[PDB]
Amino acid sequence: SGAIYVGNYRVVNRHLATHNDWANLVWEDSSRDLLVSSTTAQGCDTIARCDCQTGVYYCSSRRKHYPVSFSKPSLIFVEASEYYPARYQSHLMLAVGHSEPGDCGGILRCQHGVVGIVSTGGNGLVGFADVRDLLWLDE
Ligand SMILES: NC(=O)[C@H]1CCCN(C(=O)Cc2cccc(Cl)c2Cl)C1
Ligand SMILES: [Zn+2]
């Protein structure tokens, strides 16, 4: 579990969205596994605007923060699941690191702020859904 709270917005994994998120929907994209909903209270997470390829992520399955090197956002094939058929997930970044289902929602951060959230993983790898291109979250 996990989410990003910036201004009057809440960013979560699309496959974990609640009834409230769908009733206060701003934007959603199945190919990115993202959903953004409106909030009554102001959020104070800083979103990063960079091309950093190193950072630190939180892993709930180990109660630990781990440093990682990660790839540039791209189209990566994701195996069929209970939430989606077999497809290409866009804007995804991979790193060598531990993850298990339950770690989705964990935040990835560099020195400039929030880079993205855990969305896929396995085989000794972890996948992060990038958010640095969504400039409307700040304005
Ligand atoms: N983004 C997707 O399509 C997900 C949906 C849930 C299923 N999924 C996975 O990769 C499962 C998983 C295994 C090991 C580590 C992690 Cl963090 C995860 Cl999410 C694809
Ligand atoms: Zn950065």
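Shown for chain A, in order and in Swiss-Prot numbering: 869-1007.
Any Cβ shown, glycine's included, is placed from N, Cα and C.
Straight from Swiss-Prot, the features:
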type	residues	note
ACT_SITE	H883	active site, for protease 2A activity
ACT_SITE	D901	active site, for protease 2A activity
ACT_SITE	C972	active site, for protease 2A activity
BINDING	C918, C920, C978, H980	Zn(2+) 1 binding site
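Everything Swiss-Prot records as a feature, shown here on the structure.
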| residue | record | DSSP class |
| --- | --- | --- |
| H883 | active site, for protease 2A activity | helix |
| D901 | active site, for protease 2A activity | coil |
| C918 | Zn(2+) 1 binding site | coil |
| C972 | active site, for protease 2A activity | coil |
| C978 | Zn(2+) 1 binding site | strand |
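All protein chains considered, the CB of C920 (Zn(2+) 1 binding site) has 15 other CB atoms within 10 Å. In this structure the C-alpha atoms belonging to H980 (Zn(2+) 1 binding site) and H883 (active site, for protease 2A activity) are separated by 27 Å. Same-chain residues at least 6 positions away in sequence with a Cβ under 8 Å from that of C972 (active site, for protease 2A activity) are, in sequence order, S869, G870, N881, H883, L884, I985, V986, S987.
Ligand 1 lies under 6 Å from the Cβ of the following recorded positions, listed in sequence order from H883, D901, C918, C972, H980: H883, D901, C972. Note: the Cα of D901 (active site, for protease 2A activity) and the Cα of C918 (Zn(2+) 1 binding site) are spaced 21 Å from each other.
Annotation: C978 carries the greatest number of neighbouring Cβ atoms among the binding-site residues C918, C978 [cut-off 10 Å, Cβ to Cβ]. Taking a Cβ cut-off of under 6 Å from any atom of ligand 2, the recorded positions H883, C918, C920, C972, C978, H980 reduce to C918, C920, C978, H980. Of the chain residues outside the Zn(2+) 1 site list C918, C920, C978, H980, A916, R917, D919, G923, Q979, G981, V983, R1000 have their Cβ within 8 Å of the site's Cβ mean position.
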